[PDB]
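Below is one structure, written out as structure tokens; comments come after it.
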Amino acid sequence: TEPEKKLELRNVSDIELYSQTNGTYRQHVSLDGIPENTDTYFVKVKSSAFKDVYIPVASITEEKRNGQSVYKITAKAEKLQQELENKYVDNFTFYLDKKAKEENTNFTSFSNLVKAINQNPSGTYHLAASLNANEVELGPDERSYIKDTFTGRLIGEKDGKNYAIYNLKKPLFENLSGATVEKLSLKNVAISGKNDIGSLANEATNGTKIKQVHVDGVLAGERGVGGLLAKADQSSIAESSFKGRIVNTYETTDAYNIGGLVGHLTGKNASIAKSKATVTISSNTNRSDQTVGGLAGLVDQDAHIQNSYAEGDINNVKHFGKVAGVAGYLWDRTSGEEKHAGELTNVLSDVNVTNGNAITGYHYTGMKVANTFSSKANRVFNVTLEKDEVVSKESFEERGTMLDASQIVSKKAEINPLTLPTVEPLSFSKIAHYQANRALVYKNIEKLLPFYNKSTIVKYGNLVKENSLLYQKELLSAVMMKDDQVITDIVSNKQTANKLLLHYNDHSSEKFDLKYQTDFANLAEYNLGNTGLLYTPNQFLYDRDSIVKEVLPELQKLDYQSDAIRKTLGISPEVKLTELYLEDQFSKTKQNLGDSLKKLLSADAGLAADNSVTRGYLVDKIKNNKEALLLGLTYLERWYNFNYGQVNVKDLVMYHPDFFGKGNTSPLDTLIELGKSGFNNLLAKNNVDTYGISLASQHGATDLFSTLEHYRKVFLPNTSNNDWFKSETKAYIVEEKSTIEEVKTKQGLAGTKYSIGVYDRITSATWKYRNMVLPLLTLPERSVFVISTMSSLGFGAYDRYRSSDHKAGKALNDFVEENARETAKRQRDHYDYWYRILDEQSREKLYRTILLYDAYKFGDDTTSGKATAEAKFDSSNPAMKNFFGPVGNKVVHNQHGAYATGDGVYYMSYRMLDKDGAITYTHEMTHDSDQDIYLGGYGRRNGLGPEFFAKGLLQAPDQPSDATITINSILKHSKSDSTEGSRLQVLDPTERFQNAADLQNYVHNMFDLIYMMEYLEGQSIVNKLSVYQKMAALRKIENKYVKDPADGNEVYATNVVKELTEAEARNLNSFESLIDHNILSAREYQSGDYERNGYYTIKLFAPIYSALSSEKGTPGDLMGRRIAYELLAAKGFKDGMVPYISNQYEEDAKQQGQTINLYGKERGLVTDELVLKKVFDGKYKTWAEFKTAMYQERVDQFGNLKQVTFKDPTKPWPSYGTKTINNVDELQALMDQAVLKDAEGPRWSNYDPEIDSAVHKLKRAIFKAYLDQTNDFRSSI
């Protein structure tokens, strides 16, 4: 008893009735009245299993269901069989209800809510369930859904649990006046508007008791943004919450008060109590009157913020406006009283604000902030004065990391809001032929035969065999012709489509052969290999040409700079569309609109109608939203056209939304939703967030990265996702795994916090610019290079190195490639060294990723050198158009200098690839991660600033011939080069330094030689030098305590070098007196006073006999680095140098009694006396004793064992072969003669007394001779 095959609608979720009476289609949901005279209606059946179907009506009549006017409507189709009351009818017949009396109030639905509120705004209203706001038609330019003044007077939700208004796109109440909204929640807000915007309402004129309002979602505005209310006048918000993005990156130049919770607090009794705002707010001030305050912002007229909490992130581009973490411009425009300004109390803000303060932007004497709190986070300030510099703000109260302990400021957290309408699938049993074991198989074949009878389904399911792979759960398949993902069926149905890719729930792809076997004009059919299973496309092959010939000409006449596009987007005529970066792809999609539009009409919905009503409905839907459709088509094609092998997902993402499941969505609906979503949603910078909002939750995927991983699992299996990333992208990706076997094995894995792959780092969380993946997938040419090494991720452009010497093609590419490879190798060697040195298990934290952008200063071929043309945006350079621009990271980009913002490093002048790029690389890296990486784990010393640990301490030397005490961690220079002359540095890093003990031994031997030479020079000073010569030859260094702006205490000491008096000069007759009187050589150290946080490095050959022990908190800079290197010579890096500069002995000071008020909190003060008494408890009591004992040890050493193989020429251009110093006595005699020669007839003009001075020549010659004697500094005895 084989059954017949007909078309059948199974999972009929709901049914709708549309009309064409007035030439415009509308929803005749209820009150059809008398049966209509003419039948131009068409029934739209929406299914939970597959997409909707439009079928023309046949007969509309009235039938008494139970003595009521319930209209029965029967639709006309080819062979449509409907299973009604367990029996089959040859036509789809359904009943329509009369009406539902729910419009008397606003309980049920939002569509009824906007109607009910407008009737009488005053009163009391309660929500009945979680209601979706997608039912309202938004409006062309409507400000808010509810337009009355005072609305929602008592709109509470205490009737049942808590109900949330899902999917908001405009302000809810527009205005509020003496109206109390309480217990209301907003879950997915996407508000975008030109004027002032507010999630709850735009203004609160009178006493609006806002309570228990938790709003979540992204808010984008231009003229002004607000978290809950754009302006609160005499209104109080208590126990409210916000948790969404806030963007105001537009180039507006007006007075806006953007705030994460409320825009403007102007009321006398206005108050914010027990409120929290997790606002990852980004904004561009561009003018001083602007204010970005997170919580509130520009608080005025005694409005008091009590018990608030700000945990978001503020990313201000420039510090022009008054931006702060928890309170913006507390000052008022009128008289500046302490009380009239505003009040803060018991407030906390652990917000990573940039370019601004952590608490209040404008700080004055009569401060009314009272009690404030802030944690240890980034508060960087780009002063952009001359060379770009970044410093901390220091204008907040500082606390520890125990934020959860101090989280009792706001006890209220959040509430569990009820979910929206589920509308499940509600999934046949007891058919003609049924088997229990093959149940799932039936479902597995239902995706293969849509619009078919259940009898045919089970008949074909019985034909499935166990050997085949149809026994796993199967998602929707994709028909393809030789890896093409064909969509336009009516064009490619006659041609036998080659393959059908079944995508199973195991993320497995299985290819079956297809042939146009059984041919129906109504619905195409196909056969699947030898199994005999039938496959049919989910489209009725209607006349697409009738729709195309109509809709194509109107869509063709559109311009990117037209007013229609600007009106469809949320753009004011002032701001430009350059941030979209879709003009080229706009034109491209404009030319070939035919193919894409045919694919869209093919994948949209199944038209089983020969009557022109359904095709007219499609035409109207495509025409009414032409601008939005075209913008969506441009955006989806621009950023989603990357190939998995030979399969391009431009057709599988834009169309075929059922590949992951969820066939209920329509590819046309998502395009319209993406087009009209706004300017910020279509923005290129938010490509990762746009997917989650528009594309996701509709294609069946959670996020963009999960979608990419899913497509990599389906297409191109058994290959790592990072490998596919490296293969597909057109950026030159260079990865260098460290030489150490342990870290080399650790990096190979795909694990987070350890993988070196570019995709594993970019797509990971806690990455600032994770939106850099989608543009990088779409690079047309080798325009950008990605240097991804351990603990780094540098992005650079090829146009940065293009100049007169390097032509635009062939030469620039090769040069950039080779130099990038060498720079990756150098960075890898540097981090290999730093991994070998650090042995305190802090090396496991050397895997953090921080980007390394370049200058953006692209240079044309006409430019002689590296051009300084900033090229802000919209440049003709392909690197700026296809990258950097889309990954919009507005930088300062000055002419000279490099700065490390704390989360990344930027090269404004030094080119990253050049060999001078690494010497600045190590300095910027020391600036970036000195707090928790290079040090043992404790922060910087309180007095020492960021420039102290970098310029003279942990950095590679600027040049090889530089006579400075530094560690050559990066640059590798072979002996073959001409740089062998005056080496004075380490030959090969990562070979000399294999452990911390190796570094300690190297520094110990270097300072042994340095101490020998310095002792010889000192004995030359006291014994053979006159008084007048002694005065000029030496200087006296002291420590002067000056007031600093950041901290109140003046315990910090600054070094000062001064000309010593003749009275003190005469006393200098003993070498011990040189150490006691604190004297240093004037050959290389200037006579002016030094400053704190300065680029001061101690010279290698310029002696510093002074042991200027600063009994206070901080030694200084010139003396600090010298004593730190001496301590490193005495004890190891972790044992000696780290406790000196990393205040690890701070707590002990707090236990002793040494204290300091740091940022308003009592903290320990690590004095030099404590460091001396803890590092060397029994050996020494004073730093002078330590210096003297080091000198005495070196003396006892060189008095016995010194290598006679010392070869120093110290002669002019005529080559001098060998002086063969055999004992220290001849060397001391030569030093005496050199000092006497330098004293006699001193030039002291044109500066630079380091080359002409004969004393420096002898020291350099001896140093180079001893360095070249052994392989490296191993032992000098």
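Letters A, B, ... go to the chains of the structure tokens in the order shown; residues in each chain start at 1; ligands are counted from 1 in the same order.
Taking the backbone of this structure through DSSP, the residues of stretch 695-794 of chain A that come out as strand (DSSP E) are residues 732, 733, 734, 735, 736, 784, 785, 786, 787, 788, 789 and 794 of chain A.
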Could you give me, as number ranges by chain, each residue of stretch 685-839 of chain A that DSSP assigns to helix (DSSP H, G or I) when run on this structure's backbone? A: 685-695, 704-714, 721-728, 741-748, 758-762, 770-777, 798-800, 811-837
Using only C-alpha atoms for the distances, tell me which of A:18, A:50, A:1133, A:833 is nearest to residue A:989.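 Distance minimum relative to residue A:989 lands on A:833.
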Would you kindly return, as JSON, numbers by chain, each protein, DNA or RNA residue with an atom no farther than 9 Å from any atom of residue A:869, considering only C-alpha atoms and excluding same-chain residues fewer than 5 positions away? {"A": [856, 857, 858, 859, 895]}
Hey, which of A:73, A:558, A:45, A:116 ends up closest to residue A:91? Count only C-alpha atoms.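 Residue with the minimum atom-to-atom distance to residue A:91: A:73.
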Pick the closest to residue A:342 from A:366, A:865, A:198, A:140: which is it, counting only C-alpha atoms?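 Between A:366, A:865, A:198, A:140, the residue approaching residue A:342 most closely is A:366.
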Do a neighbour search on stretch 127-135 of chain A at 12 Å with only C-alpha atoms, toss out local chain neighbours closer than 5 positions, and write the hits as a PDB file with N, CA, C and O atoms, in the first residue's frame.
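Output file out-v9.pdb follows:
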```
ATOM      1  N   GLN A  27      -1.466  43.513   7.517  1.00  0.00           N
ATOM      2  CA  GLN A  27      -1.810  42.326   8.293  1.00  0.00           C
ATOM      3  C   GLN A  27      -3.278  42.395   8.699  1.00  0.00           C
ATOM      4  O   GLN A  27      -3.657  43.205   9.550  1.00  0.00           O
ATOM      5  N   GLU A 102      -7.596  42.200  24.766  1.00  0.00           N
ATOM      6  CA  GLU A 102      -6.415  42.510  25.558  1.00  0.00           C
ATOM      7  C   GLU A 102      -5.956  43.950  25.385  1.00  0.00           C
ATOM      8  O   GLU A 102      -4.994  44.365  26.039  1.00  0.00           O
ATOM      9  N   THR A 105      -5.923  47.266  28.265  1.00  0.00           N
ATOM     10  CA  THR A 105      -4.757  47.652  29.042  1.00  0.00           C
ATOM     11  C   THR A 105      -3.495  47.250  28.287  1.00  0.00           C
ATOM     12  O   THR A 105      -3.553  46.683  27.193  1.00  0.00           O
ATOM     13  N   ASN A 106      -2.346  47.553  28.886  1.00  0.00           N
ATOM     14  CA  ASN A 106      -1.048  47.311  28.270  1.00  0.00           C
ATOM     15  C   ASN A 106      -0.319  46.113  28.867  1.00  0.00           C
ATOM     16  O   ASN A 106       0.915  46.082  28.855  1.00  0.00           O
ATOM     17  N   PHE A 107      -1.053  45.125  29.380  1.00  0.00           N
ATOM     18  CA  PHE A 107      -0.417  44.015  30.083  1.00  0.00           C
ATOM     19  C   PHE A 107       0.335  43.102  29.121  1.00  0.00           C
ATOM     20  O   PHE A 107       1.520  42.810  29.321  1.00  0.00           O
ATOM     21  N   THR A 108      -0.338  42.650  28.062  1.00  0.00           N
ATOM     22  CA  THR A 108       0.171  41.529  27.276  1.00  0.00           C
ATOM     23  C   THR A 108       1.338  41.940  26.382  1.00  0.00           C
ATOM     24  O   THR A 108       2.497  41.631  26.679  1.00  0.00           O
ATOM     25  N   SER A 109       1.052  42.633  25.281  1.00  0.00           N
ATOM     26  CA  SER A 109       2.027  42.810  24.214  1.00  0.00           C
ATOM     27  C   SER A 109       2.439  44.270  24.097  1.00  0.00           C
ATOM     28  O   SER A 109       1.717  45.177  24.516  1.00  0.00           O
ATOM     29  N   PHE A 110       3.621  44.478  23.510  1.00  0.00           N
ATOM     30  CA  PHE A 110       4.142  45.828  23.318  1.00  0.00           C
ATOM     31  C   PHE A 110       3.347  46.586  22.261  1.00  0.00           C
ATOM     32  O   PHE A 110       3.140  47.800  22.381  1.00  0.00           O
ATOM     33  N   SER A 111       2.909  45.886  21.210  1.00  0.00           N
ATOM     34  CA  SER A 111       2.066  46.514  20.198  1.00  0.00           C
ATOM     35  C   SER A 111       0.795  47.075  20.817  1.00  0.00           C
ATOM     36  O   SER A 111       0.317  48.143  20.417  1.00  0.00           O
ATOM     37  N   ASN A 112       0.230  46.366  21.796  1.00  0.00           N
ATOM     38  CA  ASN A 112      -0.923  46.894  22.514  1.00  0.00           C
ATOM     39  C   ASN A 112      -0.495  47.890  23.584  1.00  0.00           C
ATOM     40  O   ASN A 112      -1.276  48.765  23.971  1.00  0.00           O
ATOM     41  N   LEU A 113       0.746  47.781  24.063  1.00  0.00           N
ATOM     42  CA  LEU A 113       1.212  48.668  25.125  1.00  0.00           C
ATOM     43  C   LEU A 113       1.359  50.099  24.624  1.00  0.00           C
ATOM     44  O   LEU A 113       0.920  51.051  25.284  1.00  0.00           O
ATOM     45  N   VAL A 114       1.986  50.271  23.458  1.00  0.00           N
ATOM     46  CA  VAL A 114       2.170  51.614  22.909  1.00  0.00           C
ATOM     47  C   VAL A 114       0.823  52.252  22.592  1.00  0.00           C
ATOM     48  O   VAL A 114       0.675  53.480  22.637  1.00  0.00           O
ATOM     49  N   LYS A 115      -0.179  51.433  22.267  1.00  0.00           N
ATOM     50  CA  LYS A 115      -1.514  51.968  22.022  1.00  0.00           C
ATOM     51  C   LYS A 115      -2.203  52.349  23.324  1.00  0.00           C
ATOM     52  O   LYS A 115      -2.849  53.399  23.409  1.00  0.00           O
ATOM     53  N   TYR A 145       8.836  55.413  21.129  1.00  0.00           N
ATOM     54  CA  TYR A 145       7.595  54.669  20.944  1.00  0.00           C
ATOM     55  C   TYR A 145       6.430  55.366  21.634  1.00  0.00           C
ATOM     56  O   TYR A 145       5.324  55.439  21.082  1.00  0.00           O
ATOM     57  N   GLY A 152       4.026  56.332  32.076  1.00  0.00           N
ATOM     58  CA  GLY A 152       4.373  55.273  33.001  1.00  0.00           C
ATOM     59  C   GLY A 152       4.413  55.756  34.435  1.00  0.00           C
ATOM     60  O   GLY A 152       5.432  55.614  35.116  1.00  0.00           O
ATOM     61  N   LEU A 154       2.949  54.731  37.216  1.00  0.00           N
ATOM     62  CA  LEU A 154       3.180  53.646  38.161  1.00  0.00           C
ATOM     63  C   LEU A 154       3.346  52.344  37.374  1.00  0.00           C
ATOM     64  O   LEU A 154       2.675  51.342  37.617  1.00  0.00           O
ATOM     65  N   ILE A 155       4.263  52.352  36.407  1.00  0.00           N
ATOM     66  CA  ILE A 155       4.510  51.168  35.594  1.00  0.00           C
ATOM     67  C   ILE A 155       5.414  50.214  36.373  1.00  0.00           C
ATOM     68  O   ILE A 155       6.628  50.150  36.152  1.00  0.00           O
ATOM     69  N   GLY A 156       4.821  49.485  37.316  1.00  0.00           N
ATOM     70  CA  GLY A 156       5.571  48.502  38.069  1.00  0.00           C
ATOM     71  C   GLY A 156       5.399  47.101  37.511  1.00  0.00           C
ATOM     72  O   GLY A 156       4.524  46.833  36.689  1.00  0.00           O
ATOM     73  N   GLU A 157       6.264  46.193  37.966  1.00  0.00           N
ATOM     74  CA  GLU A 157       6.210  44.793  37.556  1.00  0.00           C
ATOM     75  C   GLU A 157       6.155  43.850  38.753  1.00  0.00           C
ATOM     76  O   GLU A 157       6.672  42.732  38.683  1.00  0.00           O
ATOM     77  N   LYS A 158       5.536  44.282  39.854  1.00  0.00           N
ATOM     78  CA  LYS A 158       5.457  43.448  41.047  1.00  0.00           C
ATOM     79  C   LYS A 158       4.341  42.415  40.967  1.00  0.00           C
ATOM     80  O   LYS A 158       4.190  41.614  41.896  1.00  0.00           O
ATOM     81  N   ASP A 159       3.555  42.415  39.887  1.00  0.00           N
ATOM     82  CA  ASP A 159       2.441  41.478  39.787  1.00  0.00           C
ATOM     83  C   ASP A 159       2.933  40.040  39.659  1.00  0.00           C
ATOM     84  O   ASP A 159       2.276  39.108  40.134  1.00  0.00           O
ATOM     85  N   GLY A 160       4.086  39.842  39.024  1.00  0.00           N
ATOM     86  CA  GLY A 160       4.620  38.505  38.855  1.00  0.00           C
ATOM     87  C   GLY A 160       6.077  38.471  38.444  1.00  0.00           C
ATOM     88  O   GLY A 160       6.403  38.696  37.275  1.00  0.00           O
ATOM     89  N   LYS A 161       6.959  38.184  39.403  1.00  0.00           N
ATOM     90  CA  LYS A 161       8.407  38.049  39.178  1.00  0.00           C
ATOM     91  C   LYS A 161       8.914  39.358  38.571  1.00  0.00           C
ATOM     92  O   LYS A 161       8.625  40.432  39.116  1.00  0.00           O
ATOM     93  N   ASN A 162       9.664  39.320  37.473  1.00  0.00           N
ATOM     94  CA  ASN A 162      10.138  40.517  36.792  1.00  0.00           C
ATOM     95  C   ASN A 162      10.096  40.290  35.289  1.00  0.00           C
ATOM     96  O   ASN A 162      10.514  39.237  34.801  1.00  0.00           O
ATOM     97  N   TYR A 163       9.568  41.269  34.561  1.00  0.00           N
ATOM     98  CA  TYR A 163       9.391  41.172  33.119  1.00  0.00           C
ATOM     99  C   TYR A 163      10.253  42.223  32.437  1.00  0.00           C
ATOM    100  O   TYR A 163      10.336  43.362  32.904  1.00  0.00           O
ATOM    101  N   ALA A 164      10.886  41.838  31.332  1.00  0.00           N
ATOM    102  CA  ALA A 164      11.835  42.690  30.632  1.00  0.00           C
ATOM    103  C   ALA A 164      11.329  43.013  29.234  1.00  0.00           C
ATOM    104  O   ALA A 164      10.709  42.171  28.578  1.00  0.00           O
ATOM    105  N   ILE A 165      11.604  44.235  28.784  1.00  0.00           N
ATOM    106  CA  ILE A 165      11.212  44.687  27.447  1.00  0.00           C
ATOM    107  C   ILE A 165      12.389  44.384  26.525  1.00  0.00           C
ATOM    108  O   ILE A 165      13.390  45.100  26.495  1.00  0.00           O
ATOM    109  N   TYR A 166      12.259  43.309  25.755  1.00  0.00           N
ATOM    110  CA  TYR A 166      13.347  42.858  24.905  1.00  0.00           C
ATOM    111  C   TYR A 166      13.377  43.634  23.591  1.00  0.00           C
ATOM    112  O   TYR A 166      12.349  44.070  23.067  1.00  0.00           O
ATOM    113  N   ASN A 167      14.591  43.807  23.066  1.00  0.00           N
ATOM    114  CA  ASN A 167      14.815  44.341  21.721  1.00  0.00           C
ATOM    115  C   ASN A 167      14.277  45.763  21.571  1.00  0.00           C
ATOM    116  O   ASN A 167      13.373  46.024  20.776  1.00  0.00           O
ATOM    117  N   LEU A 168      14.842  46.692  22.337  1.00  0.00           N
ATOM    118  CA  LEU A 168      14.525  48.101  22.155  1.00  0.00           C
ATOM    119  C   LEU A 168      15.469  48.726  21.136  1.00  0.00           C
ATOM    120  O   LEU A 168      16.660  48.404  21.090  1.00  0.00           O
ATOM    121  N   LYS A 169      14.931  49.624  20.313  1.00  0.00           N
ATOM    122  CA  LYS A 169      15.727  50.339  19.328  1.00  0.00           C
ATOM    123  C   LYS A 169      15.571  51.850  19.398  1.00  0.00           C
ATOM    124  O   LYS A 169      16.235  52.558  18.632  1.00  0.00           O
ATOM    125  N   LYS A 170      14.723  52.360  20.279  1.00  0.00           N
ATOM    126  CA  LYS A 170      14.508  53.785  20.467  1.00  0.00           C
ATOM    127  C   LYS A 170      14.220  54.029  21.939  1.00  0.00           C
ATOM    128  O   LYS A 170      13.884  53.092  22.671  1.00  0.00           O
ATOM    129  N   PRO A 171      14.372  55.267  22.411  1.00  0.00           N
ATOM    130  CA  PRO A 171      13.991  55.576  23.795  1.00  0.00           C
ATOM    131  C   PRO A 171      12.559  55.152  24.080  1.00  0.00           C
ATOM    132  O   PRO A 171      11.699  55.167  23.197  1.00  0.00           O
ATOM    133  N   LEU A 172      12.309  54.758  25.329  1.00  0.00           N
ATOM    134  CA  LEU A 172      11.018  54.164  25.661  1.00  0.00           C
ATOM    135  C   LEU A 172       9.965  55.225  25.951  1.00  0.00           C
ATOM    136  O   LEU A 172       8.864  55.180  25.390  1.00  0.00           O
ATOM    137  N   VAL A 181       8.756  54.765  37.392  1.00  0.00           N
ATOM    138  CA  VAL A 181       8.924  53.463  36.757  1.00  0.00           C
ATOM    139  C   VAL A 181       9.817  52.622  37.658  1.00  0.00           C
ATOM    140  O   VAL A 181      10.931  53.036  38.005  1.00  0.00           O
ATOM    141  N   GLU A 182       9.324  51.453  38.057  1.00  0.00           N
ATOM    142  CA  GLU A 182      10.034  50.614  39.009  1.00  0.00           C
ATOM    143  C   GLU A 182       9.960  49.158  38.576  1.00  0.00           C
ATOM    144  O   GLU A 182       9.003  48.733  37.924  1.00  0.00           O
ATOM    145  N   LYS A 183      10.994  48.402  38.947  1.00  0.00           N
ATOM    146  CA  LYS A 183      11.098  46.967  38.689  1.00  0.00           C
ATOM    147  C   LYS A 183      11.043  46.632  37.201  1.00  0.00           C
ATOM    148  O   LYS A 183      10.666  45.516  36.828  1.00  0.00           O
ATOM    149  N   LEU A 184      11.422  47.572  36.342  1.00  0.00           N
ATOM    150  CA  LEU A 184      11.442  47.361  34.902  1.00  0.00           C
ATOM    151  C   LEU A 184      12.847  46.981  34.456  1.00  0.00           C
ATOM    152  O   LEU A 184      13.837  47.475  35.000  1.00  0.00           O
ATOM    153  N   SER A 185      12.928  46.099  33.463  1.00  0.00           N
ATOM    154  CA  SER A 185      14.202  45.621  32.947  1.00  0.00           C
ATOM    155  C   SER A 185      14.222  45.730  31.431  1.00  0.00           C
ATOM    156  O   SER A 185      13.197  45.529  30.772  1.00  0.00           O
ATOM    157  N   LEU A 186      15.389  46.054  30.884  1.00  0.00           N
ATOM    158  CA  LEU A 186      15.619  46.097  29.445  1.00  0.00           C
ATOM    159  C   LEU A 186      16.838  45.239  29.138  1.00  0.00           C
ATOM    160  O   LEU A 186      17.929  45.502  29.654  1.00  0.00           O
ATOM    161  N   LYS A 187      16.657  44.217  28.303  1.00  0.00           N
ATOM    162  CA  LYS A 187      17.674  43.186  28.141  1.00  0.00           C
ATOM    163  C   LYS A 187      18.554  43.362  26.911  1.00  0.00           C
ATOM    164  O   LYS A 187      19.768  43.153  27.006  1.00  0.00           O
ATOM    165  N   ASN A 188      17.989  43.728  25.760  1.00  0.00           N
ATOM    166  CA  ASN A 188      18.753  43.855  24.518  1.00  0.00           C
ATOM    167  C   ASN A 188      18.431  45.205  23.876  1.00  0.00           C
ATOM    168  O   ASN A 188      17.692  45.290  22.895  1.00  0.00           O
ATOM    169  N   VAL A 189      19.005  46.268  24.436  1.00  0.00           N
ATOM    170  CA  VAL A 189      18.753  47.610  23.928  1.00  0.00           C
ATOM    171  C   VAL A 189      19.783  47.950  22.860  1.00  0.00           C
ATOM    172  O   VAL A 189      20.992  47.784  23.063  1.00  0.00           O
ATOM    173  N   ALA A 190      19.303  48.432  21.705  1.00  0.00           N
ATOM    174  CA  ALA A 190      20.157  48.864  20.605  1.00  0.00           C
ATOM    175  C   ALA A 190      19.640  50.219  20.116  1.00  0.00           C
ATOM    176  O   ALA A 190      19.121  50.364  19.012  1.00  0.00           O
ATOM    177  N   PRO A 417      15.771  38.030  35.276  1.00  0.00           N
ATOM    178  CA  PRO A 417      14.632  38.428  34.462  1.00  0.00           C
ATOM    179  C   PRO A 417      14.073  37.234  33.697  1.00  0.00           C
ATOM    180  O   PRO A 417      14.804  36.329  33.287  1.00  0.00           O
ATOM    181  N   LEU A 418      12.757  37.241  33.506  1.00  0.00           N
ATOM    182  CA  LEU A 418      12.095  36.151  32.806  1.00  0.00           C
ATOM    183  C   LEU A 418      12.413  36.193  31.315  1.00  0.00           C
ATOM    184  O   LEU A 418      12.582  37.260  30.721  1.00  0.00           O
ATOM    185  N   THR A 419      12.492  35.011  30.712  1.00  0.00           N
ATOM    186  CA  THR A 419      12.784  34.916  29.292  1.00  0.00           C
ATOM    187  C   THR A 419      11.543  35.244  28.464  1.00  0.00           C
ATOM    188  O   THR A 419      10.410  35.223  28.954  1.00  0.00           O
ATOM    189  N   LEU A 420      11.774  35.545  27.190  1.00  0.00           N
ATOM    190  CA  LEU A 420      10.693  35.881  26.279  1.00  0.00           C
ATOM    191  C   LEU A 420       9.943  34.622  25.851  1.00  0.00           C
ATOM    192  O   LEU A 420      10.170  33.521  26.361  1.00  0.00           O
ATOM    193  N   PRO A 421       9.028  34.798  24.897  1.00  0.00           N
ATOM    194  CA  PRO A 421       8.241  33.680  24.396  1.00  0.00           C
ATOM    195  C   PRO A 421       9.146  32.635  23.756  1.00  0.00           C
ATOM    196  O   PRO A 421       9.990  32.957  22.914  1.00  0.00           O
ATOM    197  N   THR A 422       8.967  31.376  24.161  1.00  0.00           N
ATOM    198  CA  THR A 422       9.828  30.310  23.661  1.00  0.00           C
ATOM    199  C   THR A 422       9.492  29.954  22.219  1.00  0.00           C
ATOM    200  O   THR A 422      10.370  29.987  21.348  1.00  0.00           O
ATOM    201  N   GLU A 673      17.109  43.871   8.476  1.00  0.00           N
ATOM    202  CA  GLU A 673      17.440  44.196   9.860  1.00  0.00           C
ATOM    203  C   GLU A 673      18.848  44.766   9.974  1.00  0.00           C
ATOM    204  O   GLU A 673      19.100  45.658  10.791  1.00  0.00           O
TER     205      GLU A 673
END
```
Env of stretch 76-88 of chain A: 12 Å cut, atoms = only C-alpha atoms, seq-sep filter 4 positions within chain, self excluded. Answer as a PyMOL selection string. chain A and resi 4-12+39-43+53-60+92-95+428-431+451-455+520-523+540+606-611
